[PDB]
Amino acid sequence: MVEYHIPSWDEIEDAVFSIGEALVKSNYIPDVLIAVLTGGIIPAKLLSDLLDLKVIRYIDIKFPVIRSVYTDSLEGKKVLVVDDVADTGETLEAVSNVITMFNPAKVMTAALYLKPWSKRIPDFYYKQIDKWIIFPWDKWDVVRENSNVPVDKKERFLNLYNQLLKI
C-alpha cells in the first residue's frame, strides 16, 4: 500500500516474535514490562506470553501528558518499556524520563514500529515504516476519522456506529 500500513494480526505476532528474539539475543530479559497505555497494551501482553514475563506494570500517557503511573518500586529491576509505535518519540522520551526517576537497574525501550523522524530510537523494534500505521486495536478510531481507510469488517462497524450515535 502507499499511504497506510495495515498489519494483520499475523504480522503483529511476527513483530512480537522479532522483538522477543532480539531480547534473547541481546541477553536482556526484563524483570518488569512497562506497558504504555493504551497502544502498548497488546504488544506487552503478547510479549509477556512469548517470554513468560510475569510482571507487567502500566503508565497512562496521552499525546505528552501523564495521567497515572501504575507501578510499585522499580529500584534494581531491569525494565522494558513497550509501545506500539514510536512516531515523534515524545512518548518514549517522557516514559523513559519518568521511569528513570524510579532508579531501575536498567531501562530499555521497545516499539513494534518506528517512524524515520522519531527523536528517540527504541532499543528494540520490528520495522521502520514511513506510512500511517492502522493497528488492529485502533482501526475503529481511524475509521471514525476517515471512513475510506481500507480495513476489514467496516460495514459491521458502521452499522454499530450508527446505532451508538442514536444514543
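Heads up: residue numbers just count along the shown sequence, starting at 1.
Gap check for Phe63 to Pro64: 10 or more deposited residues are absent from the model.
Averaged over their C-alpha atoms, the temperature factors of 126 to 134 and 38 to 46 are higher for 126 to 134.
Stretch comparison (22 to 30 versus 104 to 112) by mean CA B-factor in the PDB entry places 22 to 30 on top. In the PDB entry, a CA B factor belonging to the middle third of its chain's modelled residues is recorded for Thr88. Looking at the C-alpha B-factors along this chain, the one for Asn97 belongs to the highest third.
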